[PDB]
Every structure is written in structure tokens, then in C-alpha cells.
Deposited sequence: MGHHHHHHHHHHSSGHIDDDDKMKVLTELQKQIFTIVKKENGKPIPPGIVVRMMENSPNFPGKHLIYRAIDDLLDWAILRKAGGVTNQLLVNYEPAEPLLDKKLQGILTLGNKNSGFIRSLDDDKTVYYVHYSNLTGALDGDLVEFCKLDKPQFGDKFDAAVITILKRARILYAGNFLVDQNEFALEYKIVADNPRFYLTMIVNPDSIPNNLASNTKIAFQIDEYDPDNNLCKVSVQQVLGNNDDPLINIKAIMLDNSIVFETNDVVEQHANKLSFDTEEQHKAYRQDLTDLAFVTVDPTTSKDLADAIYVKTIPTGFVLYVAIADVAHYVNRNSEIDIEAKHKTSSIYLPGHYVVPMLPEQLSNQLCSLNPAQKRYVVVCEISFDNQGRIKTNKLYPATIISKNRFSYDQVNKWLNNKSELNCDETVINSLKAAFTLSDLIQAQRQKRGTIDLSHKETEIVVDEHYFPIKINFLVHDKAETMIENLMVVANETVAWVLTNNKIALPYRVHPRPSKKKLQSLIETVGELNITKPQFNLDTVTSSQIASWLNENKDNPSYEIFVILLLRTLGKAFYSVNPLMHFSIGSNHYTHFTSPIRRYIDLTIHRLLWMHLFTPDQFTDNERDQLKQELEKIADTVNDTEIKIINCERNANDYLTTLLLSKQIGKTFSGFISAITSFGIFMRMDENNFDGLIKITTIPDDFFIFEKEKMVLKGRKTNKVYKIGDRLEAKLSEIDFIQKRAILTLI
């Protein structure tokens, strides 16, 4: 497969020369239509072919500067000519939301509503008798709550924590999505294709499941009875796990909190209008969370936190400003409880000899570490003493920790993450090196990740109600696990590229209003990249500090051009 000598019409993802194309990476391409003589300028700057537009594919009244998608029906290798045909009209080429949808199309990400799938979803309802199953514990009396970003309408997890003399009991209640979505149903097939929900700025979301499930029937909304799968974990007073149980349950969330509300309550800047049972559960949750964090740091875990930003857009999808995100205390509390549930479920399935898709992150090779050691040692970052074949999560963490004061610590973490590589899903039991566990999976987010849905299905079919499934049903799912992991892994790459394309588009749209401003920053990486302090975005012209002026936006390549003072 080919990545973009310059002189046989092959494209990205389809010394040597290309002889033939076995399979195109794409069938549709986004572009701007211009007008009589017709032209298309592809959105992707790596689309280098000259295009002859078929007039019979163009509605007669379709005007210039309209975003379209086109396909190649045939091509001619002797003249570097290609024929293209218009397949979709998307809208005005200057509209930022239209550009975001074009970016999705260019990354092969479905975003248009599937009328067949929504009609199936509108047929679903709340079965009142499910709560009376002998296997489903009625927990509707417990003061569960949800803590999420203010704008989310998909809330998959609720928590309740009780203090006991010997320690703590944690209840992590996860929406019972497998109860509503039958395997190989129309809804399931569409979810498996998407593999996850998509979150773009302005809270524009492409949901893995349609809204009546993701935001209503499975969303653990306040004051609603909801069916869940509970991970219940008992801890000692040091935060060490003693026992665990998994089981289906029924809950009623008592409150829907935002991270912002909980964090301000933490700093005594405000108060929560809720029952004292909720207050006491939150207090125990934070106490338990600090203990869990201390235990995980003791056993080994790599904090790869670094600068992150989000782009705020208005109601018409025009960008307003860039915010630096603050993974604060309340967000940290939720993450600690979700990780311990995820880790526990991984071990339960493993202990029971049930094949599952793990979330894995292998130890990096000695060679890659050596290359990294060479690159960074040049940059006032200590040289580590550990053995490179045997290096533990703790040793990487200690190396980062003893450099927390280096002025270039930010760029250090970036290169280590690449050296470490991408996490992925695998049925083979590989470690998660940065989390610090030998077994890990994704269990807590089945409304928005297909892997979590699969994990719930495995629990139901093997542990909760094995009698309602056949050995051929269990083997049918087992045989598919590696293909599910592959599809999710392949699609995750596309989703990451789509968000990156979209953030570059919106950030440069915002910066195009700011030719006239000077910026400070350092170098992140044909030329010098400079990352501006105010927006965390790299302009084009490692670790040196610089100051520079914004001279132009390159809209072809979606890049910011800077000039040295």
C-alpha cells in the first residue's frame, strides 16, 4: 500500500514504480466544484490528478463554490488524465459545518442518518418485567449519581460508594446496552460498522447507536429506572481490592452532576442540591479514589499527561476561541473508578478462561528505546539507568518524574508516547504498559464503544445467563472477536485522523482572523514548526524557544505560516 516517484495515477492508501492498483483506498473524494468550463479542486492536497468533470453527473443548476463528493469511474495511464463524476452535493464550500462533514467523508466516516436503523430503534421500549428477573439485583434504593461534561446526553456510568469499618464498597453501574441491542440485529450491524461514537467540536456527535437508545433508553438519566451491569468491588482501608462481584441490576440515578459542579463543590465555592446520602457517597468516592491512585502509582503506572486543547464554536459552527483542558479532581475521580472496574472485568473474564478483546499497550522494544534515548539525551533530559529489555512502568514513571522540572518536559512526553506507540485491541493477553496492568479491557462505555458492548455480551453469555445461549452462540461470538478487534483498530485510526483534520481546519479558520498578531512558543519539530503558547498549534516556517508573527493561512494544506521577529 502506497503513502504520499512523482512520475501511474495511484492515490494515498491504495526505488519502485506502481504497476497496477489492486484496490483503491476510497471510492468517494471531497472537493470544491467550480464554474461553461467545469473544475473540481479536491479538498485533500495529496489528490494530485488533473480532473475532467463529466457534465452528465452535474445537476444543471449546481453553482460554483459548492462542496461535493466525486468518484473516479475510469482513468487513463498514458495521458495522466482522469474522469470524475459528481456523486453527492454537500453544501456551500465556505460553510464550516459543511467542511466538517466533508472531512468526515474524506475519512470514510458515516454521519448521515440511516432511516431503517432509526425506525428499528423507535420500536424499542422499557420492559417493566425485566427488573423482576431472579438474576437482576434491585439497587434502586442506592444513591447512584452520574458525573459528566455539562453538554453530554449519553451517560453510560453511574457510581455509588459506601464506607465500611474495614474499608469501602464501590458500585460502578454501566448501562445495560446488550439488553436492548441484540447481536446481529440491524442496529448491531450498524454499530459494528461505526465501532464508536464520534465527538467533534460544538458537541457535534455521530452516535454509535441512535438517539433513542444513546440519550434516552440506555442513558442513565436522573430519576429514571434503568437496567445496568454492576461491577461491585470491596476495598480495604488502603485501597487494595479484596473481592468483587459482577451482576445485572436496576438503578435510579439520583442526580446528574457536571464535572464543573463537583469541582467547585470540592473547593467550597458552591454547594450541591442533593440528599446527604449523595454527599456521603461522593465524599467516600474521592477518598477511595485517592487511595486507588496511590496504589496504582505504587504498583506502576505511566502518567503521559500533556498539553491538550479544545476549540469552542458557536451555534453556526464558527470557531470562537481555544481552551486548554484541565483534567481536574472530579474528572480524575471518575477515571480512577472506571479504570479499576475495567481492570477487574478483564481479570474476571480471564480467570474464567473466556476469550475477550483486551485493551493492550505492549512494552516497547530495546531498539526503539535506544533511538529515543539518543534523540532526547541531546535535550537536558536525564539519561535513564534501567535495563531496556526489562524496563517496568514504574521505571518509565520515575524517569519522567525526576525531570518534571525540565523546561522541555512537554516535548519529552510527546516523543515518549510515539516511542511507546498506539494502544489497540487484541484477543491475545498482552500487557497495558502505560496503565500498568497485565490485563485490561473496555467495559464501562457500551453506549459509545462497540468493544464495551462485546464485553457485556461475553458476560451475559458466559456468566450471567449462560442457559439462554447455546454453545454454538458462544463459539460464534468467540470466532468473531479477532475480526471485531481488527475493525475497531482500523476505524480508530480513521477517527483520529478525522478529528485532527477537523481541528486543523477550525483552528486555521480561527487564526485567519488574526493576521496582525504576534506569538511566542517553542519548536515541536522542510522547515521549522513552532508551537504557539496561546493555542498549542504548530505554525510552519527541537525545544528551542522562539517568538514569531502570523503572516498567512495556507488553506490548501491547512497550515499557519509564521515569520521570525
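Absence of C-alpha coordinates is noted for several segments of the deposited sequence, namely 1-106, 111-130, 134-135, 143-158, 180-185, 676-678, 695-723.
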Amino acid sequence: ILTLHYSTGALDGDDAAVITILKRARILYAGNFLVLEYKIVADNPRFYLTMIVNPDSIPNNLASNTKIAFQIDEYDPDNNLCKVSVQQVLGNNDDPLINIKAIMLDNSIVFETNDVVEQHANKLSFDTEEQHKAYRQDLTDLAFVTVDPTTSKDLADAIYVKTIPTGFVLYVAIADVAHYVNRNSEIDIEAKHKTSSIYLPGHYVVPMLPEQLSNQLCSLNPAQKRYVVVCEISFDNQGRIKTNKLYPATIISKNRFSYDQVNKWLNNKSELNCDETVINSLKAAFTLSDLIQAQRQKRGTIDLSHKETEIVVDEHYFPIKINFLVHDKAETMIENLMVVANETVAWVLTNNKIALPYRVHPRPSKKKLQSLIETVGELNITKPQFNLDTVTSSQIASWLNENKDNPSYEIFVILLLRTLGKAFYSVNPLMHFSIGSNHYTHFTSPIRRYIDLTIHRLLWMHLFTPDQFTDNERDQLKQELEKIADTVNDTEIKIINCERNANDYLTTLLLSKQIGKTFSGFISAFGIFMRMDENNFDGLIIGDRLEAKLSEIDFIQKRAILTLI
From here on, numbers count along this sequence of modelled residues.
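Across the two stretches, 210-218 and 363-371, the PDB entry reports the greater mean Cα temperature factor for 363-371. The PDB entry reports B-factors from which the mean C-alpha value can be compared for 286-294 and 68-76; the larger average falls on 68-76. For the set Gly300, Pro429, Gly91, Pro384, the maximum C-alpha B-factor listed in the entry falls on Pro384. Ranking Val488, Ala191, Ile354, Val84 by Cα temperature factor from the entry places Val84 first. Remark: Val117 belongs to the middle third of its chain, ranked by C-alpha B-factor as recorded.
Remark: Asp157 belongs to the lowest third of its chain, ranked by C-alpha B-factor as recorded. When the CA B factors of the chain's modelled residues are split into thirds, the value for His306 lands in the middle one. In the PDB entry, a CA B factor belonging to the middle third of its chain's modelled residues is recorded for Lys225. Among all modelled residues in its chain, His442 ranks in the lowest third by Cα B-factor.
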